[PDB]
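Engineer: got an experimental structure here, sequence first:
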Amino acid sequence: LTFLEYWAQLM
Amino acid sequence: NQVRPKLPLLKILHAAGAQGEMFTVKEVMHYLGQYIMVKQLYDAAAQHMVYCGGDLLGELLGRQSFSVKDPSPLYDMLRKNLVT
């Protein structure tokens, strides 16, 4: 979980 | 290279820390993920699900929910709101 690494697969 | 946010998308970037007028795709995404965290749009339970429906970002996405593990509606929106 954590939005932080979820939003780091895209970026 | 560098691109330019539109007036609807630039307002969303200047309300996260961005300052200027023109950025890179990659830093657009940084300040764009910042927005979801400052205005508290993401799901606290399943932290891949963003609930942008109520606010500008959703009206720009044409959605009211999207997952970060399937973010193709970002790349429908990232082509329509950036001048190359």
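Structural biologist: Received, thanks. Numbers count the residues shown, from 1 in each chain, chains lettered A, B, ... in the order given.
Engineer: how about the residues of chain A near chain B?
Structural biologist: Of all the residues in chain A, those in contact range of chain B (Cβ under 8 Å from any Cβ of the partner chain) are A:1-3, A:6-7, A:9-11. To be clear about C-beta, it is placed using only N, CA and C from the backbone, and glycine gets the same treatment.
Engineer: nearest to residue B:64, of those?
Structural biologist: Nearest to residue B:64, judged by Cβ to Cβ, of these is residue A:3 at 17.7 Å.
Engineer: the closest one against residue B:48, yeah?
Structural biologist: Yes - in this structure, residue A:3 is within contact of residue B:48 by Cβ atoms under 8 Å, at 7.5 Å.
Engineer: please enumerate the shared neighbours of those two.
Structural biologist: Residues touching both residue A:3 and residue B:48 by Cβ atoms under 8 Å, 6 or more residues apart in numbering or on different chains: residue B:68.
Engineer: so which bits of stretch A:4-11 are buried?
Structural biologist: Going by neighbour count (16 or more other Cβ atoms under 10 Å in any protein chain shown), the buried part of stretch A:4-11 is A:6-7.
Engineer: redo the residues of chain A next to chain B as a markdown table? Include secondary structure and distance to residue B:14.
Structural biologist: A markdown table is the format used below for these (DSSP: H, G, I helix; E, B strand; the rest coil; distance: Cβ to Cβ, whole Å):
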| residue | secondary structure | distance to residue B:14 |
| --- | --- | --- |
| A:1 | coil | 29 |
| A:2 | coil | 26 |
| A:3 | helix | 21 |
| A:6 | helix | 24 |
| A:7 | coil | 19 |
| A:9 | coil | 26 |
| A:10 | coil | 21 |
| A:11 | coil | 19 |
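Engineer: greatest separation within those residues: which pair is it?
Structural biologist: Pairwise over the residues of chain A next to chain B, using Cβ to Cβ, the maximum falls at A:1 and A:11, 17.2 Å.
Engineer: show me which residues of chain B sit near chain A.
Structural biologist: So chain B meets chain A at B:26, B:29-30, B:33, B:36-37, B:42, B:46-48, B:68-69, B:71, B:74 (Cβ under 8 Å from any Cβ).
Engineer: now for these: which two are most distant?
Structural biologist: B:26 and B:46 (25.8 Å).
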